[PDB]
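>>> pasting the first bit of my complex, frame unchanged:
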Amino acid sequence: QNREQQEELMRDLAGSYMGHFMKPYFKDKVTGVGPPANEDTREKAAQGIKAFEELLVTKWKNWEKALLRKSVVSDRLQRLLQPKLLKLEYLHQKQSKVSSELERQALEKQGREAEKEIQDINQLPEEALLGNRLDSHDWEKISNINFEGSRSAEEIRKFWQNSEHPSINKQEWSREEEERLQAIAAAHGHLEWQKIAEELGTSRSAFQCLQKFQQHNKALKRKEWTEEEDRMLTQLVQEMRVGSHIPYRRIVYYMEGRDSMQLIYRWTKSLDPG
Amino acid sequence: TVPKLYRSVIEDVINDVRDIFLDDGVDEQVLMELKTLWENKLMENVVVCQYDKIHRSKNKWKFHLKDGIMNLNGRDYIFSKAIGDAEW
């Protein structure tokens, strides 16, 4: 019995996690990859059912924004330099084997012109180098070299083009600007926010205009309770209760145009049976 | 993903050689028809790659490949890192 206890104790010393199973429960110990996706998985992907990792959203950090800016600048510099650098290399190669002098001097003059063009490109200002939030940069390279893979190419492209470009006015809104936005939304309709942003004058994205309108809107919530809505709230609460815990966020989304605070107040002050 | 990489490579090559086309004395229309011909014509299993580390055990070969394009079953695939094992 004592030696069995000792064996138990050594296997305690030789014993050993949950993480090794999580998504690939079956996985190889030489390659570390699980079994191939089931045909059901392929069919699910075909129907465009986003997986949990595909719907995973992470906030854009400030250092990420600065890294994006720097990477885009470097990308544009490289893309504008590679052509002229290659031209200069070709001119040098031709100079190496020209078998002539006057042609060699002409090639030297062309190379000097190319070097001047390269210098001009190098000293280009940041404003003219960034672009116009609609030119095609190498967004996929940024996802690999600049970013270590934490951001996909499409995510970076959308963030740069729609939000983080300098041509998007990120400054705080003004009262006159807000009033103009409200008037344009009312007259032009709340369904063409691209044309609203274009007509707003200031360089703004349709998303920003819609966000500001919603945050200052007054028809977003119903703002008045009705008997039918009260009955719906009571039924939903009685259905989704587990005791004294009433999760109002989950109740809200069966209610139309309501917030959790409104339901909390309504069920605590008026619809409470007590 | 492979078609996107091929298109990007074609665009990069065209942008890089536009200067030579302009300089040597051939119009950019020749460049455009080159791009169109390459794209149109884009439409044995061989893997062309670079080796990071070809380890050889007693009989087990472990291949660490930096990058490569493979031609499996008449379909082209791309990989930026390959960790393979084999038994001679």
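It's in. Numbers count the residues shown, from 1 in each chain, chains lettered A, B, ... in the order given.

>>> Now do the same for the residue of chain B positioned farthest from its centre: helix, strand or coil?
Taking C-alpha atoms, centre = their mean, the residue of chain B most remote from its mean C-alpha position is residue B:58, at 33.2 Å. For residue B:58, the assignment made with DSSP: H, G, I helix; E, B strand; the rest coil gives coil.

>>> any idea how far it is from residue B:87?
As judged by C-beta to C-beta, to the nearest Å, residue B:58 and residue B:87 stand 10 Å apart. All C-beta atoms are positioned from the backbone trio N, CA, C, and that covers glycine.

>>> With residue A:132 instead?
Distance, residue A:132 to residue B:87, by C-beta to C-beta: 56 Å.

>>> Any residues of chain B in contact with chain A? List them.
Within chain B, the positions near chain A by C-beta under 8 Å from any C-beta of the partner chain are B:4, B:8, B:15-20, B:23, B:80, B:83, B:85.

>>> Which of the residues you listed are buried? Put it as a PyMOL command.
For the buried members of the residues of chain B next to chain A, the matching PyMOL selection, counting by 16 or more other C-beta atoms under 10 Å in any protein chain shown, is:
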select buried, chain B and resi 16+17+18+19+20
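
>>> of all the residues of chain B next to chain A, which comes closest to residue A:32?
Proximity of these to residue A:32 (C-beta to C-beta) peaks at residue B:83, which lies at 8.5 Å.

>>> can you list the residues of chain A near chain B?
A:30-31, A:79, A:82-84, A:86-87, A:90-91, A:110, A:138, A:140, A:144.

>>> Nearest to chain B: which residue in the stretch 151-274 of chain A?
When scored by C-beta to the nearest C-beta, the stretch 151-274 of chain A has residue A:153 as its residue closest to chain B, at 9.1 Å.

>>> Looks like that residue contacts residue A:146 (just checking).
No: using C-beta atoms under 8 Å, residue A:153 is not in contact with residue A:146; the gap is 11.4 Å.

>>> go ahead and place chain C:
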Amino acid sequence: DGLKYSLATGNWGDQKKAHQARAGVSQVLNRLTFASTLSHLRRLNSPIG
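That brings us to chain C, laid onto the chains above:
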């Protein structure tokens, strides 16, 4: 060895440079009497040169 050699022998400068090395700076302390010990520790030398 440099500091030890100079104190051990009383020659100052490197060993190879003993030609110009000052001699007698380091001497074995006189322990014949306590007065001779005190005097030796307060001794002043006037090199001729």
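
>>> Can you classify residue 5 by secondary structure?
Reading this off chain A. Per three-state DSSP, residue A:5 ends up helix.

>>> what do you get for residue A:135?
Criterion first, three-state DSSP; result for residue A:135: coil.

>>> Run a quick neighbour tally on it.
When neighbours are counted by other C-beta atoms under 10 Å in any protein chain shown, residue A:135 registers 9.

>>> Likewise for the one 4 residues further on?
In terms of burial, residue A:139 registers 22 neighbours under the definition other C-beta under 10 Å.

>>> and if you look at residue A:156?
Neighbours of residue A:156 under the rule other C-beta under 10 Å: 24.

>>> measure it to residue A:137 for me?
9 Å.

>>> just residue A:16 next, same as before
Distance, residue A:16 to residue A:137, by C-beta to C-beta: 47 Å.

>>> which one of those two has more residues nearby?
Shown here are residue A:16 and residue A:137; by other C-beta under 10 Å, residue A:137 has more neighbours (18 against 4).

>>> Please name the nearest non-neighbouring residue to the more buried one.
residue A:75 (5.3 Å; C-beta to C-beta, 6 or more residues apart in numbering or on different chains).

>>> Next, the contact list for the one you found, please.
With contact taken as C-beta atoms under 8 Å, 6 or more residues apart in numbering or on different chains, residue A:75 is in contact with A:137-138, A:141-142.

>>> Pop out the phi and psi values for residue B:79.
Dihedral angles of residue B:79 (phi, psi; degrees, to the nearest 10) stand at phi -140, psi 140.

>>> That one and residue B:63 touch, don't they?
No: Residue B:79 lies out of contact with residue B:63 (C-beta under 8 Å); the separation is 11.6 Å.

>>> first to last residue in stretch A:163-173, what's the distance?
15 Å (C-alpha to C-alpha, to the nearest Å).

>>> extra chain here, label it chain D:
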Amino acid sequence: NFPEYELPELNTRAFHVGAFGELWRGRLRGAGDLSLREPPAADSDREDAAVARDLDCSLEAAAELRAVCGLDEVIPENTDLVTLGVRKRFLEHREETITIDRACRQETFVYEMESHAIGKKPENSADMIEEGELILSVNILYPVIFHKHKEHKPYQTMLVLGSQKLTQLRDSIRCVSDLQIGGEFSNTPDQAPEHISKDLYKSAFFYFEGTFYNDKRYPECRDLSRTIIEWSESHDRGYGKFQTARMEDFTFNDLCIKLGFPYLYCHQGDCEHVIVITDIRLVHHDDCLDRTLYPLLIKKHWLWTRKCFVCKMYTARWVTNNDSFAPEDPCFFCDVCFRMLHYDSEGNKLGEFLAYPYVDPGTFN
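Let me add chain D to what's already shown:
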């Protein structure tokens, strides 16, 4: 077989649940301990006689034992012990640092989930659980929905009933993956909702210690474990001797498993959950005695709820990728903002985007 520590304080050797339950019921056979009945001067004499017969003592001795061994709140607490002193100091610190001193939402939620169904008598008296039913306190690990799920793994614990056919827990595990709606509704969002993923992909399987119990109940169901078995049968993967079953001719009573060891439960193609059996115990009289609802959710993680990126008042009824308006590529919208931003006047999509119906994991799970 006897459950014993395979690992020091982490795992138990594989044993048949049926043998374990039979052992427990035979060691308590006719002992008056497995009752499942509510707790109830004449009875004093009967109790004394029973004590005398069980302890081989005289009636007067039994009465003396009964009277002497009898049982032996108030907010004030003084003459504190070390633990009571620690509690008093903690209470004083909380009082001096807190202003409301109420149970937090998480605490009340957890308590109500744990005590949601305790002592709930059946309404029919025909679904009453037999005296001794081998309750399994299973727990299902939530999938990786948010990134931090990898670091700390949240789980939902269910008190499954022993001698209960499989596919009764599979139909009870509430996961958002079963409510996914396929297809892209970018062109028009008023399409008739496609059948939820619970209907299209009915296949699923448990994996408990080298045995794939596949859910072949319905014609639409087909072997998901076939891919894994073929993958293992390949050159060499350590795993081997995989078994197969039907999952409706087996019960938790006929299962041979370990306690605290991660097993697998796959459904909806590749949605995988870690099944861990915390402990197995005989049914008591102070817990739920029903069978209609015994696959009972004792605890759930209360996941976060995604909000519309335009307005932070509503959740995400739609997810848009490759959007020409959204800042982020995967952008979440409610119905109102999505309609106002993605359709001019009659459903003609503005710009380019791929919009899909998104069900909030924090609302339906």
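
>>> what do you get for the neighbour count of residue A:156 once chain D is counted?
Around residue A:156 there are 25 other residues, counting by other C-beta under 10 Å.

>>> so how far is residue A:72 from it?
9 Å.

>>> for residue D:172, same thing?
Counting by C-beta to C-beta, the gap from residue D:172 to residue A:72 is 51 Å.

>>> Compare those two (neighbour count), which wins?
residue A:72 (22 against 15).

>>> For that one, which non-adjacent residue is closest in space?
Of all residues not flanking residue A:72 in the chain, residue A:137 sits nearest, at 5.8 Å (C-beta to C-beta, 6+ apart).

>>> Next one: the residue farthest from the centre of chain B relative to chain D, how far apart?
Distance from residue B:58 to chain D, counting by C-beta to the nearest C-beta, to the nearest Å: 16 Å.

>>> just residue A:175 next, same as before
According to C-beta to the nearest C-beta, residue A:175 and chain D sit 21 Å apart.

>>> Pull up the gap between the residue of chain A at minimum distance from chain B and residue B:66, please.
Nearest residue of chain A to chain B: residue A:87, at 3.9 Å (C-beta to the nearest C-beta). Counting by C-beta to C-beta, the separation of residue A:87 from residue B:66 is 30 Å.

>>> between the two, which one's more packed in?
Remark: of residue A:87 and residue B:66, residue A:87 carries more neighbours, 23 against 13, as counted by other C-beta under 10 Å.

>>> In contact with that one, which residues are there?
Residues in contact with residue A:87 (C-beta under 8 Å, 6+ apart) are A:114, B:19-20, B:23.

>>> Next, give phi and psi for residue D:349.
Backbone torsions for residue D:349, taken as degrees, to the nearest 10, come to phi -60, psi 130.

>>> pretty sure it contacts residue D:187?
Yes: using C-beta under 8 Å, residue D:349 is in contact with residue D:187, at 6.0 Å.

>>> Looking at the two, which one has more neighbours?
Each of residue D:349 and residue D:187 has its neighbours counted (other C-beta under 10 Å); residue D:349 has more, 16 against 10.
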